[PDB]
Amino acid sequence: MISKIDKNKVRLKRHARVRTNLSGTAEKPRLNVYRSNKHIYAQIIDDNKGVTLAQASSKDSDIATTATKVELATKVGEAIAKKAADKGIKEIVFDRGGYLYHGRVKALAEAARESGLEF
Amino acid sequence: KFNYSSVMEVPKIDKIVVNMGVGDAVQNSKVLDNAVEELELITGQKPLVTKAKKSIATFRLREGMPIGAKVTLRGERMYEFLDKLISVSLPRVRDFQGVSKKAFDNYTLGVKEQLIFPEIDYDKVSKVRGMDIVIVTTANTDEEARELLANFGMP
Amino acid sequence: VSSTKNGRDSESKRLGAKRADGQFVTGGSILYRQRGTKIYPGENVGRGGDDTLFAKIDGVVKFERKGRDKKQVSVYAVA
Amino acid sequence: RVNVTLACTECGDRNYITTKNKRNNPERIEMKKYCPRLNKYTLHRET
Amino acid sequence: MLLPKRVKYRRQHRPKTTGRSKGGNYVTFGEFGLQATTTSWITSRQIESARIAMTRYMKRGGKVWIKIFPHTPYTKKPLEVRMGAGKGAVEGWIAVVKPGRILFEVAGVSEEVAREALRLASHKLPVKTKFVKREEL
Amino acid sequence: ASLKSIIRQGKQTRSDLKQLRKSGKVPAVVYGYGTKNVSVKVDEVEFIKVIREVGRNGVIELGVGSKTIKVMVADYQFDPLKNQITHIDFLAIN
RNA sequence: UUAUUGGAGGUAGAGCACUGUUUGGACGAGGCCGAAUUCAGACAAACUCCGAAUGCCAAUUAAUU
RNA sequence: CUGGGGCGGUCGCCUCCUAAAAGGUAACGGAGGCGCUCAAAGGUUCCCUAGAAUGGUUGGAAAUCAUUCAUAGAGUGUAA
RNA sequence: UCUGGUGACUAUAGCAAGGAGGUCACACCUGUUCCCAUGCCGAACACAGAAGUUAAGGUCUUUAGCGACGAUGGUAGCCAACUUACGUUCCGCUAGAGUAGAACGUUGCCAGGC
């Protein structure tokens with residue numbers, strides 16, 4: 001009786017392996033992105049200290065809108081872009097958690113690229 | 001039916017894996033492709049490199065490190081394969097037994113004692129090839145699996 | 001007439017630690033010479049081609065634990 | 001296993017020597033090295 | 001005639017003879033046994049010589065246990081040649097025994113019969129022994 | 001089912017123990033329910049004569065200083081050579 | 001040279017968790033008995049789940065020199 | 001060179017034990033190797049993870065397997 | 001406040017059981033037109049759905065049956081002495097490993113909706 005495997009478990013493992021040579025540090029903070037089966041969350045974290053200074057999700061009250069299930073990501077990326085533009089919108093390291101770079105993440109990743117985020 | 005507390009604890013049929021045994025192409029240059037087409041003649045899929053020629057797990061003649069073929073069929077193709085297994089695969093067998101352990105290839109202990117390609121009759125075949133079809137199910141018990149082995153299809 | 005066949009041996013490679021803990025070192029100074037990853041590199045500490053641990057910043061050495069059964073050496077800029 | 005001397009087209013100097021297996025690759029090796037005098041990744045050819 | 005089926009190295013370094021017995025200082029198989037009080041090397045020839053002298057007087061009327069087995073082989077240069085030419089060939093197998101280590105163990109026989117059988121096997125051993133019984137206090 | 005012990009003083013040198021083991025005394029320890037770690041000493045002949053009634057396992061009444069506690073034999077370091085005890089462990093049965 | 005503190009390392013012991021060696025119980029594997037998993041108990045310069053005392057490197061203030 | 005010489009055997013480099021928990025340390029002391037190979041066995045990005053026993057080729061009791069244990073038991077161009 | 005998201009501490013943080021959920025959120029499930037995929041199977045990956053379902057993952061409870069963490073008290077060894085020599089002996093120093101008793105079902109940081 002072949003048993004199924006958790007999707008978050010494997011993802012976490014992969015994410016940990018990619019976080020062995022990449023971390024935020026004030027000037028260059030890491031942009032962690034959490035993609036669920038409903039919405040997507042993103043927040044600029046500073047590993048050096050260990051405190052967040054940004055927040056953007058697809059389940060936000062100013063983001064919640066019947067889209068095409070991919071347009072939200074674009075808005076999410078532009079939403080945090082302006083928030084990050086207020087203070088600290090220069091060189092930043094983009095973290096793809098543990099998922100692939102192709103898909104909804106790509107749209108959210110390029111969303112800040114066209115916003116001005118030098119990354 | 002048998003006291004399932006929810007409508008999701010009912011067992012399912014996990015997968016269906018089968019193809020030819022050795023088909024040793026070290027002296028059978030085209031028999032490899034012939035058996036590949038024979039496996040493609042039951043269900044149309046490219047044949048890969050694995051041991052998918054058993055009735056269950058592994059408990060037969062030893063050797064190891066071979067070079068056979070295998071096929072993965074688990075969707076509505078699997079349902080059609082079972083339909084053809086009740087039509088052409090019960091033309092020559094006509095003998096429903098019962099077991100839930102191992103057979104040909106905790107397994108890894110054999111790769112022999114299989115069928116002889118009965119549905120592949122010599123109407124377009126050059127030989128007979130062991131193609132035992134391992135049964136993969138979501139069965140939590142071998143006797144519950146036997147209850148499903150007679151359920152909806154030949155004992 | 002008994003014979004022998006065990007009089008061959010290679011040279012010894014001075015391995016081990018080269019800097020003590022709490023000692024001031026300058027960037028480029030070797031800290032450890034080993035055959036593998038006996039001690040992992042910490043902060044401001046790179047690994048050489050022959051698995052040699054060296055410092056990149058001038059400061060004091062610090063041997064600490066990394067994980068639960070692995071050691072690591074780091075260097076701090078604070079004089 | 002023999003020696004190989006990657007000749008240049010403009011340099012005219014053998015500042016790139018490597019090794020290869022004649023039994024493995026009997027054809028002439030053609031890679032893109034960098035001649036300082038020309039200061040441009042040029043296509044070198046084995047003599 | 002007791003020797004390992006196979007060994008990694010045929011040349012050891014001669015086991016050290018100091019301190020007290022590491023383990024095996026109590027009888028756990030029979031009711032009576034022979035306990036050593038001195039340190040010395042026990043060869044296989046002596047081990048089998050004492051066992052044959054014990055069963056001969058026991059007339060196959062009980063069980064005998066050997067808590068020692070030659071694990072280290074020793075070499076020896078024959079015909080006394082000049083020193084410095086390498087190690088010699090294996091001569092036999094020995095076993096280091098420290099004070100407080102049980103040697104033999106008898107069971108299923110008279111208490112006075114085991115006291116006489118153990119005394120006969122102690123004359124073929126090069127170490128001072130002592131008759132002891134299963135302790136429980 | 002009775003025994004009189006004597007609270008041992010702190011920091012005992014090797015010589016002290018040797019002299020204490022040279023006579024008829026054997027260092028012991030007491031610990032368990034409703035009690036702390038206390039080091040005492042008893043007599044060898046008085047212990048063996050009071051351990052044949054209850055046997056290996058049996059509740060005993062130790063007189064730790066000016067009190068009586070019900071303890072049993074948890075562990076005991078024995079010396080094969082010259083068959084003499086060296087240490088005894090008492091655990092509160094309560 | 002002490003005092004005080006920090007660190008690097010696998011020896012003496014001990015141990016069987018790996019590698020090899022071993023003893024009694026226990027192993028089945030064929031129309032009649034032989035390739036074993038556990039239980040207990042041993043051994044090791046080229047075995048280690050462990051692990052001192054000394055020595056060694058250094059740092060600081062003190063104290064003598 | 002050499003537990004007199006001769007005869008034999010060795011003579012350079014690499015790993016372990018002897019070596020006494022830093023490093024170093026001898027003997028005609030105890031064990032093994034090298035005198036290369038590779039155009040991918042290189043670089044970078046990305047993704048993966050043995051032995052036991054039951055549908056029996058009278059069966060080597062390990063066909064190239066189903067999924068339990070794998071818990072890494074493997075695997076690494078080469079000796080440790 | 002809550003569950004989440006991301007960090008710091010040595011498994012006291014693990015595994016096993018026996019429970020209760022929950023549907024805020026997770027999951028599960030429905031597909032293969034769509035980018036994108038199998039050394040082939042849409043299993044995974046990807047995208048679209050998201051009707052149903054807590055059955056499973058699962059969060060919160062209970063239990064020390066494992067595993068890990070282990071007081072003390074003893075002594076094995078050892079440093080320095082003294083003695084006779086050392087398969088030692090005695091006097092000081094530091095005091096192990098095994099084992100008993102016991103403790104353990106983790107503590108913390110930050111952001112959000114709540």
# chains A, B, ... in the order shown; residues from 1 in each chain; ligands from 1

call {"tool": "residues_around", "arguments": {"residues": "residue 85 of chain A", "least_positions_apart": "3", "cutoff": "12 Å", "atoms": "only C-alpha atoms (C1' of nucleotides)", "output": "NGL selection string"}}
result
:A and (44 or 53-54 or 77-82 or 88-92 or 112 or 115-118)

call {"tool": "write_last_selection", "arguments": {"atoms": "N, CA and C atoms", "output": "compact mmCIF listing (two decimals), in the first residue's frame"}}
result
# COMPACT_ATOMS: atom_id res chain seq x y z
N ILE A 44 10.22 41.03 3.67
CA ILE A 44 11.69 41.29 3.69
C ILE A 44 12.20 41.01 5.10
N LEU A 53 10.71 43.65 8.27
CA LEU A 53 10.46 45.10 8.11
C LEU A 53 9.59 45.33 6.87
N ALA A 54 8.83 44.31 6.46
CA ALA A 54 7.94 44.40 5.28
C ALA A 54 6.93 43.25 5.32
N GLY A 77 3.53 41.49 -5.62
CA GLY A 77 4.90 41.97 -5.87
C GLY A 77 4.96 43.49 -5.93
N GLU A 78 3.98 44.11 -6.60
CA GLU A 78 3.92 45.59 -6.72
C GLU A 78 3.51 46.19 -5.37
N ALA A 79 2.73 45.45 -4.59
CA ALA A 79 2.26 45.92 -3.26
C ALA A 79 3.45 46.08 -2.32
N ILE A 80 4.28 45.04 -2.20
CA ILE A 80 5.47 45.09 -1.30
C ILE A 80 6.52 46.03 -1.91
N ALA A 81 6.56 46.12 -3.24
CA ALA A 81 7.52 47.01 -3.93
C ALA A 81 7.39 48.43 -3.37
N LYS A 82 6.17 48.98 -3.41
CA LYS A 82 5.91 50.35 -2.89
C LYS A 82 6.24 50.39 -1.39
N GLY A 88 14.50 51.42 2.17
CA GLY A 88 15.26 50.21 1.82
C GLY A 88 14.72 49.54 0.57
N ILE A 89 14.95 50.15 -0.60
CA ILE A 89 14.46 49.59 -1.90
C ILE A 89 15.65 49.51 -2.87
N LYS A 90 16.83 49.15 -2.35
CA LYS A 90 18.05 49.04 -3.20
C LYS A 90 18.37 47.57 -3.45
N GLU A 91 19.66 47.22 -3.50
CA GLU A 91 20.11 45.83 -3.74
C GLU A 91 19.50 44.90 -2.68
N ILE A 92 18.77 43.87 -3.12
CA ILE A 92 18.13 42.89 -2.20
C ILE A 92 18.27 41.49 -2.80
N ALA A 112 8.47 43.06 -8.92
CA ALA A 112 9.33 44.05 -8.22
C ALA A 112 10.45 44.52 -9.16
N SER A 115 9.18 47.26 -10.98
CA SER A 115 8.77 48.32 -10.01
C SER A 115 9.96 49.25 -9.73
N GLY A 116 11.18 48.74 -9.87
CA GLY A 116 12.40 49.54 -9.64
C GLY A 116 13.36 48.84 -8.69
N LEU A 117 12.87 47.83 -7.96
CA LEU A 117 13.71 47.07 -7.00
C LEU A 117 14.98 46.59 -7.71
N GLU A 118 16.12 47.22 -7.42
CA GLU A 118 17.41 46.85 -8.05
C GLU A 118 17.84 45.47 -7.54

call {"tool": "select_by_dssp", "arguments": {"residues": "chain B", "states": "strand (DSSP E or B)", "output": "VMD selection string"}}
result
chain B and resid 15 to 17 48 70 72 to 73 134 to 136

call {"tool": "interface_residues", "arguments": {"of": "chain E", "to": "chain I", "cutoff": "12 Å", "atoms": "only C-alpha atoms (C1' of nucleotides)", "output": "PDB file with C-alpha atoms, in the first residue's frame"}}
result
ATOM      1  CA  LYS E  16      50.464  -6.921  28.683  1.00  0.00           C
ATOM      2  CA  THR E  17      50.230  -8.740  32.075  1.00  0.00           C
ATOM      3  CA  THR E  18      49.283  -6.124  34.748  1.00  0.00           C
ATOM      4  CA  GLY E  19      46.235  -5.056  36.835  1.00  0.00           C
ATOM      5  CA  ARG E  20      43.277  -7.346  37.716  1.00  0.00           C
ATOM      6  CA  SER E  21      40.871  -9.380  35.495  1.00  0.00           C
ATOM      7  CA  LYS E  22      38.661  -7.097  33.310  1.00  0.00           C
ATOM      8  CA  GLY E  23      35.527  -9.322  33.425  1.00  0.00           C
ATOM      9  CA  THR E  37      45.189 -15.836  41.770  1.00  0.00           C
ATOM     10  CA  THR E  38      48.369 -15.150  39.697  1.00  0.00           C
ATOM     11  CA  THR E  39      49.070 -13.664  36.208  1.00  0.00           C
ATOM     12  CA  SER E  40      50.616 -15.862  33.440  1.00  0.00           C
ATOM     13  CA  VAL E  97      44.731 -14.543  32.573  1.00  0.00           C
ATOM     14  CA  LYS E  98      44.734 -12.037  35.504  1.00  0.00           C
ATOM     15  CA  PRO E  99      43.850 -12.781  39.196  1.00  0.00           C
TER      16      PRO E  99
END

call {"tool": "interface_residues", "arguments": {"of": "chain I", "to": "chain F", "cutoff": "8 Å", "atoms": "only C-alpha atoms (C1' of nucleotides)", "output": "JSON, numbers by chain"}}
result
{"I": [72, 73, 74, 91, 100, 101]}

call {"tool": "residues_around", "arguments": {"residues": "residue 2 of chain I", "least_positions_apart": "2", "cutoff": "12 Å", "atoms": "only C-alpha atoms (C1' of nucleotides)", "output": "PDB file with N, CA, C and O atoms (P, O5', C5', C4', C3', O3' and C1' of nucleotides), in the first residue's frame"}}
result
ATOM      1  P     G I   4      -0.946  25.939  13.325  1.00  0.00           P
ATOM      2  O5'   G I   4      -0.697  26.607  11.901  1.00  0.00           O
ATOM      3  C5'   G I   4       0.505  27.352  11.635  1.00  0.00           C
ATOM      4  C4'   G I   4       0.249  28.390  10.569  1.00  0.00           C
ATOM      5  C3'   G I   4       1.492  29.065  10.002  1.00  0.00           C
ATOM      6  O3'   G I   4       1.955  28.385   8.843  1.00  0.00           O
ATOM      7  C1'   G I   4       0.023  30.710  10.827  1.00  0.00           C
ATOM      8  P     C I  24     -12.451  27.758   6.886  1.00  0.00           P
ATOM      9  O5'   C I  24     -11.835  28.988   7.691  1.00  0.00           O
ATOM     10  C5'   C I  24     -12.613  30.176   7.932  1.00  0.00           C
ATOM     11  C4'   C I  24     -11.825  31.162   8.760  1.00  0.00           C
ATOM     12  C3'   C I  24     -10.417  31.460   8.266  1.00  0.00           C
ATOM     13  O3'   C I  24     -10.438  32.550   7.351  1.00  0.00           O
ATOM     14  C1'   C I  24     -10.356  30.938  10.577  1.00  0.00           C
ATOM     15  P     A I  25      -9.569  32.489   6.011  1.00  0.00           P
ATOM     16  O5'   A I  25      -9.536  30.932   5.675  1.00  0.00           O
ATOM     17  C5'   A I  25      -8.433  30.354   4.952  1.00  0.00           C
ATOM     18  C4'   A I  25      -7.195  30.331   5.818  1.00  0.00           C
ATOM     19  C3'   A I  25      -6.138  29.301   5.425  1.00  0.00           C
ATOM     20  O3'   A I  25      -5.151  29.917   4.605  1.00  0.00           O
ATOM     21  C1'   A I  25      -6.741  28.997   7.696  1.00  0.00           C
ATOM     22  P     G I 113      -2.803  43.224   9.995  1.00  0.00           P
ATOM     23  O5'   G I 113      -4.138  42.410  10.301  1.00  0.00           O
ATOM     24  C5'   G I 113      -5.098  42.152   9.259  1.00  0.00           C
ATOM     25  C4'   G I 113      -5.320  40.665   9.101  1.00  0.00           C
ATOM     26  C3'   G I 113      -6.315  40.040  10.069  1.00  0.00           C
ATOM     27  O3'   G I 113      -7.640  40.081   9.555  1.00  0.00           O
ATOM     28  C1'   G I 113      -4.296  38.832  10.153  1.00  0.00           C
ATOM     29  P     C I 114      -8.885  40.032  10.557  1.00  0.00           P
ATOM     30  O5'   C I 114      -8.916  38.508  11.019  1.00  0.00           O
ATOM     31  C5'   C I 114      -9.539  38.124  12.259  1.00  0.00           C
ATOM     32  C4'   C I 114      -8.631  37.202  13.038  1.00  0.00           C
ATOM     33  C3'   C I 114      -8.870  37.162  14.541  1.00  0.00           C
ATOM     34  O3'   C I 114      -9.821  36.154  14.868  1.00  0.00           O
ATOM     35  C1'   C I 114      -6.575  37.544  14.116  1.00  0.00           C
TER      36        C I 114
END

call {"tool": "select_by_dssp", "arguments": {"residues": "segment 9-72 of chain F", "states": "alpha helix (DSSP H)", "output": "list in words"}}
result
residues 14, 15, 16, 17, 18, 19, 20, 21, 22, 44, 45, 46, 47 and 48 of chain F

call {"tool": "write_last_selection", "arguments": {"atoms": "N, CA and C atoms", "output": "CSV table (one decimal), in the first residue's frame"}}
result
chain,number,residue,atom,x,y,z
F,14,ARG,N,41.8,8.3,50.8
F,14,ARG,CA,42.0,6.8,50.5
F,14,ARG,C,42.4,6.1,51.7
F,15,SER,N,43.4,6.6,52.4
F,15,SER,CA,43.9,5.9,53.7
F,15,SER,C,42.8,5.7,54.6
F,16,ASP,N,42.0,6.7,54.9
F,16,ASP,CA,40.8,6.6,55.8
F,16,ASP,C,39.9,5.4,55.4
F,17,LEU,N,39.4,5.4,54.2
F,17,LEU,CA,38.6,4.3,53.7
F,17,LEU,C,39.3,2.9,53.9
F,18,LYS,N,40.6,2.9,53.5
F,18,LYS,CA,41.4,1.6,53.7
F,18,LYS,C,41.4,1.2,55.1
F,19,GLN,N,41.6,2.1,56.1
F,19,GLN,CA,41.6,1.8,57.5
F,19,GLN,C,40.2,1.4,57.9
F,20,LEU,N,39.2,2.1,57.4
F,20,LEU,CA,37.8,1.8,57.7
F,20,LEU,C,37.4,0.4,57.2
F,21,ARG,N,38.0,0.0,56.0
F,21,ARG,CA,37.7,-1.3,55.4
F,21,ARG,C,38.6,-2.4,56.0
F,22,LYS,N,39.6,-1.9,56.7
F,22,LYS,CA,40.6,-2.9,57.4
F,22,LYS,C,39.9,-3.5,58.6
F,44,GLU,N,30.0,-5.4,58.8
F,44,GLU,CA,29.9,-6.5,57.8
F,44,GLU,C,29.2,-7.7,58.4
F,45,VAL,N,29.6,-8.1,59.5
F,45,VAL,CA,29.0,-9.3,60.2
F,45,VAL,C,27.6,-9.0,60.6
F,46,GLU,N,27.3,-7.8,61.0
F,46,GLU,CA,25.9,-7.4,61.4
F,46,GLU,C,25.0,-7.3,60.2
F,47,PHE,N,25.6,-7.0,59.0
F,47,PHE,CA,24.8,-6.9,57.8
F,47,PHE,C,24.4,-8.2,57.2
F,48,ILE,N,25.5,-9.1,57.2
F,48,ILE,CA,25.3,-10.5,56.6
F,48,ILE,C,24.4,-11.3,57.5

call {"tool": "residues_around", "arguments": {"residues": "segment 71-76 of chain A", "least_positions_apart": "3", "cutoff": "10 Å", "atoms": "only C-alpha atoms (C1' of nucleotides)", "output": "number ranges by chain"}}
result
A: 35, 39-42, 55-60, 62-68, 79-81, 104-112

call {"tool": "residues_around", "arguments": {"residues": "segment 51-58 of chain C", "least_positions_apart": "4", "cutoff": "8 Å", "atoms": "only C-alpha atoms (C1' of nucleotides)", "output": "JSON, numbers by chain"}}
result
{"C": [24, 25, 26, 27, 28, 29, 30, 31, 32, 33, 34, 35, 36, 37, 41, 44, 45, 46, 47, 75, 76, 77]}

call {"tool": "interface_residues", "arguments": {"of": "chain H", "to": "chain B", "cutoff": "9 Å", "atoms": "only C-alpha atoms (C1' of nucleotides)", "output": "number ranges by chain"}}
result
H: 52-57, 59-69

call {"tool": "interface_residues", "arguments": {"of": "chain I", "to": "chain B", "cutoff": "8 Å", "atoms": "only C-alpha atoms (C1' of nucleotides)", "output": "list in words"}}
result
residues 39, 40, 41, 53 and 55 of chain I

call {"tool": "interface_residues", "arguments": {"of": "chain F", "to": "chain E", "cutoff": "12 Å", "atoms": "only C-alpha atoms", "output": "number ranges by chain"}}
result
F: 47-57, 73, 75-85, 88

call {"tool": "write_last_selection", "arguments": {"atoms": "N, CA and C atoms", "output": "PDB file, in the first residue's frame"}}
result
ATOM      1  N   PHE F  47      25.566  -6.983  59.045  1.00  0.00           N
ATOM      2  CA  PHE F  47      24.758  -6.850  57.803  1.00  0.00           C
ATOM      3  C   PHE F  47      24.446  -8.235  57.223  1.00  0.00           C
ATOM      4  N   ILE F  48      25.455  -9.109  57.156  1.00  0.00           N
ATOM      5  CA  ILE F  48      25.286 -10.481  56.586  1.00  0.00           C
ATOM      6  C   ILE F  48      24.354 -11.308  57.480  1.00  0.00           C
ATOM      7  N   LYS F  49      24.389 -11.072  58.796  1.00  0.00           N
ATOM      8  CA  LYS F  49      23.536 -11.824  59.756  1.00  0.00           C
ATOM      9  C   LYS F  49      22.095 -11.301  59.698  1.00  0.00           C
ATOM     10  N   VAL F  50      21.904 -10.069  59.214  1.00  0.00           N
ATOM     11  CA  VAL F  50      20.541  -9.462  59.133  1.00  0.00           C
ATOM     12  C   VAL F  50      20.068  -9.457  57.673  1.00  0.00           C
ATOM     13  N   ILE F  51      20.771 -10.178  56.793  1.00  0.00           N
ATOM     14  CA  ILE F  51      20.385 -10.237  55.350  1.00  0.00           C
ATOM     15  C   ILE F  51      20.062 -11.689  54.981  1.00  0.00           C
ATOM     16  N   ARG F  52      19.987 -12.571  55.982  1.00  0.00           N
ATOM     17  CA  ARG F  52      19.678 -14.007  55.740  1.00  0.00           C
ATOM     18  C   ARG F  52      18.202 -14.268  56.056  1.00  0.00           C
ATOM     19  N   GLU F  53      17.550 -13.326  56.745  1.00  0.00           N
ATOM     20  CA  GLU F  53      16.114 -13.468  57.108  1.00  0.00           C
ATOM     21  C   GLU F  53      15.247 -13.022  55.925  1.00  0.00           C
ATOM     22  N   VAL F  54      15.488 -11.808  55.417  1.00  0.00           N
ATOM     23  CA  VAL F  54      14.710 -11.263  54.265  1.00  0.00           C
ATOM     24  C   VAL F  54      15.322 -11.785  52.961  1.00  0.00           C
ATOM     25  N   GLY F  55      16.622 -12.098  52.981  1.00  0.00           N
ATOM     26  CA  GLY F  55      17.322 -12.608  51.787  1.00  0.00           C
ATOM     27  C   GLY F  55      17.826 -11.477  50.908  1.00  0.00           C
ATOM     28  N   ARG F  56      17.988 -11.740  49.606  1.00  0.00           N
ATOM     29  CA  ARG F  56      18.478 -10.711  48.650  1.00  0.00           C
ATOM     30  C   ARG F  56      17.604  -9.457  48.761  1.00  0.00           C
ATOM     31  N   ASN F  57      16.303  -9.594  48.487  1.00  0.00           N
ATOM     32  CA  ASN F  57      15.357  -8.448  48.561  1.00  0.00           C
ATOM     33  C   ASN F  57      14.512  -8.571  49.833  1.00  0.00           C
ATOM     34  N   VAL F  73      18.306  -3.573  49.423  1.00  0.00           N
ATOM     35  CA  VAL F  73      19.633  -3.641  48.738  1.00  0.00           C
ATOM     36  C   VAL F  73      19.432  -3.393  47.238  1.00  0.00           C
ATOM     37  N   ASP F  75      22.199  -2.101  45.110  1.00  0.00           N
ATOM     38  CA  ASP F  75      23.484  -2.516  44.483  1.00  0.00           C
ATOM     39  C   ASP F  75      24.520  -2.748  45.587  1.00  0.00           C
ATOM     40  N   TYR F  76      25.571  -3.519  45.290  1.00  0.00           N
ATOM     41  CA  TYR F  76      26.628  -3.808  46.293  1.00  0.00           C
ATOM     42  C   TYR F  76      27.908  -4.262  45.581  1.00  0.00           C
ATOM     43  N   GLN F  77      28.950  -3.427  45.628  1.00  0.00           N
ATOM     44  CA  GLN F  77      30.251  -3.757  44.987  1.00  0.00           C
ATOM     45  C   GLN F  77      30.918  -4.888  45.778  1.00  0.00           C
ATOM     46  N   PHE F  78      31.105  -6.048  45.142  1.00  0.00           N
ATOM     47  CA  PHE F  78      31.736  -7.216  45.812  1.00  0.00           C
ATOM     48  C   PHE F  78      33.145  -7.432  45.250  1.00  0.00           C
ATOM     49  N   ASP F  79      34.065  -7.897  46.101  1.00  0.00           N
ATOM     50  CA  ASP F  79      35.469  -8.161  45.683  1.00  0.00           C
ATOM     51  C   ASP F  79      35.688  -9.675  45.603  1.00  0.00           C
ATOM     52  N   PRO F  80      35.845 -10.262  44.395  1.00  0.00           N
ATOM     53  CA  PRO F  80      36.052 -11.707  44.250  1.00  0.00           C
ATOM     54  C   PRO F  80      37.183 -12.221  45.154  1.00  0.00           C
ATOM     55  N   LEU F  81      38.335 -11.543  45.128  1.00  0.00           N
ATOM     56  CA  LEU F  81      39.505 -11.948  45.952  1.00  0.00           C
ATOM     57  C   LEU F  81      39.236 -11.617  47.425  1.00  0.00           C
ATOM     58  N   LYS F  82      39.341 -12.635  48.294  1.00  0.00           N
ATOM     59  CA  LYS F  82      39.152 -12.567  49.775  1.00  0.00           C
ATOM     60  C   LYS F  82      37.684 -12.318  50.163  1.00  0.00           C
ATOM     61  N   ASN F  83      36.747 -12.605  49.244  1.00  0.00           N
ATOM     62  CA  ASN F  83      35.263 -12.473  49.362  1.00  0.00           C
ATOM     63  C   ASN F  83      34.845 -11.445  50.422  1.00  0.00           C
ATOM     64  N   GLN F  84      34.977 -10.151  50.116  1.00  0.00           N
ATOM     65  CA  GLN F  84      34.603  -9.087  51.087  1.00  0.00           C
ATOM     66  C   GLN F  84      33.853  -7.965  50.359  1.00  0.00           C
ATOM     67  N   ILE F  85      32.793  -7.441  50.982  1.00  0.00           N
ATOM     68  CA  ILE F  85      31.987  -6.334  50.385  1.00  0.00           C
ATOM     69  C   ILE F  85      32.788  -5.033  50.515  1.00  0.00           C
ATOM     70  N   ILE F  88      27.754  -0.598  49.743  1.00  0.00           N
ATOM     71  CA  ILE F  88      26.335  -1.062  49.797  1.00  0.00           C
ATOM     72  C   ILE F  88      25.426   0.116  49.429  1.00  0.00           C
TER      73      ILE F  88
END

call {"tool": "residues_around", "arguments": {"residues": "residue 48 of chain G", "least_positions_apart": "5", "cutoff": "9 Å", "atoms": "only C-alpha atoms (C1' of nucleotides)", "output": "list in words"}}
result
residues 15, 16, 17 and 18 of chain G
